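Here is the structure we will look at.
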Amino acid sequence: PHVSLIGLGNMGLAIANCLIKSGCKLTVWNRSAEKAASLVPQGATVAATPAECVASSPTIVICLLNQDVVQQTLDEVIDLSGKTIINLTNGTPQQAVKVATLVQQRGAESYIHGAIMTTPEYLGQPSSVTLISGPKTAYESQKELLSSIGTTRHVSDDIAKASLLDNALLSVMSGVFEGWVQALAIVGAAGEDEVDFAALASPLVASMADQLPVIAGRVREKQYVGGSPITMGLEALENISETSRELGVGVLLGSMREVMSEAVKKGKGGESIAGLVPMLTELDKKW
Amino acid sequence: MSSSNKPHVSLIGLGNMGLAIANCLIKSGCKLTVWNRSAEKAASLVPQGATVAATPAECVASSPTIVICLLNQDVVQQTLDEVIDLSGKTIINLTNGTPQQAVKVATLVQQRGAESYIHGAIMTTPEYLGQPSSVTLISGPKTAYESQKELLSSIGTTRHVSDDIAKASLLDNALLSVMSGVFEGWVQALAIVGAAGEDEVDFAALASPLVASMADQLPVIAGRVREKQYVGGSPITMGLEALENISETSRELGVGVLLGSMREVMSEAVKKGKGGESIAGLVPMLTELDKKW
Ligand SMILES: NC(=O)c1ccc[n+]([C@@H]2O[C@H](COP(=O)([O-])OP(=O)(O)OC[C@H]3O[C@@H](n4cnc5c(N)ncnc54)[C@H](OP(=O)(O)O)[C@@H]3O)[C@@H](O)[C@H]2O)c1
Ligand SMILES: NC(=O)c1ccc[n+]([C@@H]2O[C@H](COP(=O)([O-])OP(=O)(O)OC[C@H]3O[C@@H](n4cnc5c(N)ncnc54)[C@H](OP(=O)(O)O)[C@@H]3O)[C@@H](O)[C@H]2O)c1
Numbered sequence: 001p002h003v004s005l006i007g008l009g010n011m012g013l014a015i016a017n018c019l020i021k022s023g024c025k026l027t028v029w030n031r032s033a034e035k036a037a038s039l040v041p042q043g044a045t046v047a048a049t050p051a052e053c054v055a056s057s058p059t060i061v062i063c064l065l066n067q068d069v070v071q072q073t074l075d076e077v078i079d080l081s082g083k084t085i086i087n088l089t090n091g092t093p094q095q096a097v098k099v100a101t102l103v104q105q106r107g108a109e110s111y112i113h114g115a116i117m118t119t120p121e122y123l124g125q126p127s128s129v130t131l132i133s134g135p136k137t138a139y140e141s142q143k144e145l146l147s148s149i150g151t152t153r154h155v156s157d158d159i160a161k162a163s164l165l166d167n168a169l170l171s172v173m174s175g176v177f178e179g180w181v182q183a184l185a186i187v188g189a190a191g192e193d194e195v196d197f198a199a200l201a202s203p204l205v206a207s208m209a210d211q212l213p214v215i216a217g218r219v220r221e222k223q224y225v226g227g228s229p230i231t232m233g234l235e236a237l238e239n240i241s242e243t244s245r246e247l248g249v250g251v252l253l254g255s256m257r258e259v260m261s262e263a264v265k266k267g268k269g270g271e272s273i274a275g276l277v278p279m280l281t282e283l284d285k286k287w
Numbered sequence: 288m289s290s291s292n293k294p295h296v297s298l299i300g301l302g303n304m305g306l307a308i309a310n311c312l313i314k315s316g317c318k319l320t321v322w323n324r325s326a327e328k329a330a331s332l333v334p335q336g337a338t339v340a341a342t343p344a345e346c347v348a349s350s351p352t353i354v355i356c357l358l359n360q361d362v363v364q365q366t367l368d369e370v371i372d373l374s375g376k377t378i379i380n381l382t383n384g385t386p387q388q389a390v391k392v393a394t395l396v397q398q399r400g401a402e403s404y405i406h407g408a409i410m411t412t413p414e415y416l417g418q419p420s421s422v423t424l425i426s427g428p429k430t431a432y433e434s435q436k437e438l439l440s441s442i443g444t445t446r447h448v449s450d451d452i453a454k455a456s457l458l459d460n461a462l463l464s465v466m467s468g469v470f471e472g473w474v475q476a477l478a479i480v481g482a483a484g485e486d487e488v489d490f491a492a493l494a495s496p497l498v499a500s501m502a503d504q505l506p507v508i509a510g511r512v513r514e515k516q517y518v519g520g521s522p523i524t525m526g527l528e529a530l531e532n533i534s535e536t537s538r539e540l541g542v543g544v545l546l547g548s549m550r551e552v553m554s555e556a557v558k559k560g561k562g563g564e565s566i567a568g569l570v571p572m573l574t575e576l577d578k579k580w
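Protein chains in written order, with this note's numbering: chain A, 1 to 287; chain B, 288 to 580.
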C-alpha cells in the first residue's frame, strides 16, 4: 500500500513512525527535508516537492502547523484526481471547508478531516482517539490504515465536524487549565503544597463529569433558573482576585468576570451559569 | 445532638445558606436563636421552635456558640459593630471571603473577648447541607474544632484543614478558581456547539470523559509545578494556537469568546521564551507579578 505524508513536525514524525509500523510504503515531504533523516533507515522515500509526494500515492496524509500552511503547500499541486486526502492539521470548521473545497475542485476523490486528541508520544496507542469527519465510504476505506495512529471515531459525514468538536473540547480543557494555574499560583504563594492540594482538588474536578451533562441539558431546554446564581459566581471571582492580590499573585478568569458582570447588568444575576451561553451565542465579542 | 439536654446555638444570617444552616441545627435538636436584617425570613423556623432575637447583640447573648453566614466579611463586620462583649463565646464563621478578611474578622471577635474563632468553607449548595456527603473545611484552633465537632456534624462532614484561621478561605478560593475555569471552558464549548446546531447533551457524553481524565492530568501538573519542571507536556505555543482556533471557530459562528486572560498570559509566556514549556510554566508568571490578565 502506497501512502504519502506531508509534514514532519513533532506530530508529523509521530504519524510517519505509526504508518511505517503499519507496513505501508511511505513517501514524505517537509519544508525542512532533513527531518526525514530518521525515516530513510525505516524505508521511507523523500519527495523533493509536495507535487511529487502527492504523485507517489493515492492516499495523502497532511499534518502541518495550520490550515493556512496546508493551502500554501497545496498551491502548485494542481492534479489530485484519484487522490484521498486525510488532513490531520488542526484548525476551524470553515478552514476545513476551504481546504476540502480546494482539493475537490482539483480532482480529489475525497477529503476527510482528523482531530488527534493526544500528544505525539502516545500516538498509535488504542487509548489515543482521533475524531474523523467526512464521507462514510472514505472513512471505511481508510479505517484500517488510520488504526495505525490509534482509535478513530467517525463523528459525522460533514468534513467540518472534527474541527468543530475538537475546538469545543479544547475550550473545556483550556478553561480547566486556566482555573488550575490560578489555583496552584495561590496555593504555592501561600506556602502550601501543590501535590497535597491536588489530592483535595482533583476529586472535586472528577465530580464535574456529573454536573457538565446537567448544565448541557439546561442550556438546550433554555432552563437558566436552577443552580448556584451568577451573582454568587461573580462574588467567588472577586474573592479569588483579592485572595491573589493579598499574596501578590496575578489573576486569570478576566473574561469570566466580565461576562458574569454584564449578565448581572442585564438582570440575569439569579440565573445559573447555563444563562451565560446565550450571552455568547448572541454577540460577536471578545470578553 | 446526642444529649436529651439540647445545647443553645445562635445563628446570624438567614439567606439561602443561613436558612439551610438553621434547618440543619433545628433538625439536630439545638435550642436555636436567630437574627437577620430582614427579620421575617425567620418566619418558617418559629413553628420549628426557633427564637428570633431583636438585635445581633441579643442574638449573641442567647448562646455560647455563634454561627455566622452572611453575604460577605464586610457585612459580618457591619453586623458585629454594636456587639460589645463576646466573653465565653465561640464564633463559627461560614461566610465566604479572602484569607486576610478572616484575619480581620478574627481580630474583631478577639478584641470583644471571644473564646475562639474557627472559619468554615461549605463545599456544597443549601439543598445538600446536612448530608454526610456534604463537606465543610474548617480552619482554626484544633481544640475549638474538637469541641464544636458534634454541633458541626449537623451540616454534614467537616474536615479540619489547619490551625491557621485563614486556611479554609485560602483553600476554598483555590478550589473555586479551578471550578470557575471549568465553567468558563464549558460555557464556551456549549456556545460553539449550540450555535453550530449540534446537541449539547450528545456533546456532554463526548466531553465528560475528558474532564474525568483531568483526575489524572491535574496531580501530574501539580507535581511539575512543585519541582519547577516546566518542560514536558504539550507546549504553551500549541495551547495558544488552540485558543486562536477557538476564537476563530467562535467568530465564524457569530459567537463571543471567553478565555482572554489565558490567551494573554500564554502570549506573554511565548514573548518571554517559555513557549516550549507546558501549562506548569504559567504558574510562576502569576506568582511573580500582581497583574490582572
Ligand atoms: N501535541 C501536539 O503537538 C499536537 C496534538 C494534536 C494535533 N496537533 C496538530 O498537528 C499539527 C502539526 O503539529 P506539530 O506538533 O507537528 O507542529 P510542529 O512540530 O511545529 O510542526 C510544524 C509543521 O509545519 C511545517 N511548516 C510550518 N510553517 C510552514 C510553512 N510556512 N511552509 C511549509 N511548512 C511549514 C513545519 O515544517 P518545518 O519542519 O520545515 O518547520 C512542520 O512540518 C498542528 O495543526 C497541530 O495543531 C499537534
Ligand atoms: N450556594 C450557596 O448559596 C453557598 C454555598 C457555599 C457558601 N455560601 C456562602 O454563604 C454566605 C451566604 O450565602 P447565601 O446563599 O445565604 O446568600 P443570600 O441568600 O444572598 O444571603 C445573604 C445574607 O446576607 C445578609 N445581608 C446582606 N447585606 C447585608 C447588610 N448590609 N447587613 C446585614 N445583613 C446583610 C442578608 O440579609 P437579608 O436576608 O436581610 O437580605 C442575608 O442574611 C456567603 O458568604 C456565601 O458565599 C453560599
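Every residue gets a Cβ at the ideal spot worked out from N, C-alpha and C, and that includes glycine.
Review point. With 16 as the cutoff for other CB atoms within 10 Å, does residue 333/B come out buried or exposed?
Key: Result: exposed.
Practice item. Tell me, please, which residues DSSP counts as bridged to residue 354/B. Key: Per DSSP, the beta-bridge partners of residue 354/B are 298/B and 379/B.
**Study point:** Contact list for residue 471/B against chain A, beta-carbon separation under 8 angstroms
**Key:** Around residue 471/B, the beta-carbon contacts reaching into chain A at under 8 angstroms are 175, 178, 179, 253, 255 and 256.
Review point. Are residue 136/A and residue 547/B closer than 8 angstroms when you measure CB to CB?
Key: No, they are not a contact pair.
Check your understanding: In or out: residue 305/B buried (at least 16 other Cβ within 10 Å) or exposed?
Key -> Residue burial is scored here from C-beta neighbours: residue 305/B has at least 16 other C-beta atoms within 10 angstroms and is therefore classed as buried.
Check your understanding: Can you name the residues that DSSP bridges to residue 579/B?
Key -> DSSP, once it has assigned bridges, lists 251/A as partnering residue 579/B.
Check your understanding: How do the segment 465–485 of chain B and the segment 381–393 of chain B stand: do at least 3 beta-carbon pairs fall below 8 angstroms, yes or no?
Key -> The segment 465–485 of chain B, when compared against the segment 381–393 of chain B, does not touch it at the 8 angstroms Cβ threshold.
Check your understanding: Helix or strand or just coil, what does DSSP make of residue 337/B?
Key -> It is coil, neither helix nor strand.
Review point. Taking Cβ-Cβ distances shorter than 8 angstroms, what residues in chain A pair up with residue 479/B?
Key: Ordered by position in chain A, the residues that pass the 8 angstroms Cβ test against residue 479/B are 164, 167, 168 and 171.
Point to revise | Helix, strand or coil at residue 313/B according to DSSP, with G and I counted as helix | key: In this structure, residue 313/B counts as helix in the three-state DSSP scheme.
Check your understanding: Thinking just about the alpha-carbon of each residue, which of 212/A, 256/A and 182/A is nearest to the one in residue 244/A?
Key -> Closest by alpha carbon: 182/A.
**Study point:** Any non-hydrogen atom of ligand 1 within 7 angstroms of residue 69/A CB
**Key:** Answer for residue 69/A: yes, Cβ within range of ligand 1.
Review point. Among residues of its own chain, excluding the 5 on either side of residue 14/A, which ones have a beta-carbon nearer than 7 angstroms to its beta-carbon?
Key: Here the set comprises 120 and 123.
Review point. How is residue 172/A classed by DSSP in three states: helix, strand or coil?
Key: The answer is helix: DSSP assigns residue 172/A an H, G or I state.
**Study point:** Of the residues 191/A, 198/A, 86/A and 195/A, the one placed nearest residue 288/A, counting alpha carbons only
**Key:** What the structure shows of chain A is the stretch from 1 to 287, and residue 288/A is not part of that stretch, so it cannot be assessed.
**Study point:** Rounded straight-line distance, which links the Cα of residue 329/B to that of residue 301/B
**Key:** Distance between the alpha carbons of residue 301/B and residue 329/B: 7 angstroms.
**Study point:** residue 222/A to residue 391/B span [Cα, whole Å]
**Key:** Cα to Cα, the separation comes out at about 42 angstroms.
Check your understanding: Using a C-beta to C-beta distance shorter than 7 angstroms, which residues of chain A count as neighbours of residue 574/B?
Key -> Chain A residues near residue 574/B: 185, 188, 189 and 249.
Check your understanding: Between the C-alpha atoms of residue 65/A and residue 477/B, what's the straight-line distance to the nearest angstrom?
Key -> Straight across, the Cα-Cα distance linking residue 65/A with residue 477/B is about 27 angstroms.
Review point. Considering only residues of the same chain and omitting the five flanking positions on each side of residue 431/B, which have a CB-CB separation below 7 angstroms?
Key: Excluding positions up to five away in sequence, the list reads 377, 403 and 405.
Point to revise | Check whether residue 46/A and residue 74/A have beta carbons under 8 angstroms apart | key: No, the Cβ-Cβ distance between residue 46/A and residue 74/A is not below 8 angstroms.
Check your understanding: Sorted by chain position, which residues of the same chain lie with C-beta nearer than 7 angstroms to residue 451/B's C-beta, five sequence neighbours on each side aside?
Key -> 426.
Exercise for review: Could you tell me which residues DSSP puts in a beta bridge with residue 114/A?
Suggested key: According to DSSP, which records beta bridges pairwise, residue 114/A is partnered with 132/A.
**Study point:** 8 angstroms contact criterion, which residue 565/B and residue 522/B should meet: CB distance rounded
**Key:** Rounded, the Cβ-Cβ distance is 7 angstroms, consistent with contact.
Exercise for review: With hydrogens ignored, establish whether the beta-carbon of residue 35/A is closer than 7 angstroms to any heavy atom of ligand 1.
Suggested key: Residue 35/A: yes, Cβ under 7 angstroms from ligand 1.
Review point. Is it a yes or a no for the segment 488–500 of chain B touching the segment 162–173 of chain A, going by three-plus beta-carbon pairs under 8 angstroms?
Key: In short, these stretches touch, since the Cβ pair count reaches three.
Point to revise | Heavy atom of ligand 1 within 7 angstroms of residue 26/A beta-carbon | key: Not under cutoff, so the answer is no.
Check your understanding: Apart from the five residues just before and just after residue 487/B, which ones in its own chain have a Cβ nearer than 8 angstroms to its Cβ?
Key -> So the list reads 477, 480 and 481, once near-sequence residues are dropped.
Review point. Taking three-plus beta-carbon pairs below 8 angstroms as touching, is the segment 277–284 of chain A in contact with the segment 538–545 of chain B?
Key: Yes, the segment 277–284 of chain A touches the segment 538–545 of chain B.
Practice item. My understanding is that residue 291/A touches residue 28/A, with C-beta atoms under 8 angstroms, so please give their C-beta distance in whole angstroms. Key: Since the displayed chain A opens at 1 and closes at 287, residue 291/A lies outside it and no answer follows.
Review point. Since residue 465/B and residue 205/A are thought to touch, with beta carbons under 8 angstroms apart, how far apart are those beta carbons, to the nearest angstrom?
Key: Between the beta-carbon of residue 465/B and that of residue 205/A there is about 6 angstroms, and that keeps the pair under the 8 angstroms contact cut.
Check your understanding: For residue 193/A and chain B, any beta-carbon pair shorter than 8 angstroms?
Key -> The beta carbon of residue 193/A falls within 8 angstroms of a beta carbon belonging to chain B, placing the residue at that interface.
Practice item. Grab the span of the alpha helix (DSSP H) containing residue 54/A for me, first residue to last. Key: Per DSSP, residue 54/A is one residue of the alpha helix (DSSP H) stretching across 50–55.
**Study point:** Listed by chain order, chain A residues near residue 530/B by CB distance under 7 angstroms
**Key:** Taking a Cβ-Cβ cut-off of 7 angstroms, the neighbours of residue 530/B in chain A comprise 174, given in sequence order.
Check your understanding: Checking contacts by CB at 8 angstroms: is residue 246/A closer than that to chain B?
Key -> Yes, its Cβ sits closer than 8 angstroms to a Cβ of chain B.
Practice item. Give the single residue among 393/B, 350/B, 310/B and 535/B whose Cα lies nearest to the Cα of residue 407/B. Key: Scanning 393/B, 350/B, 310/B and 535/B for the CA closest to the CA of residue 407/B turns up 393/B.
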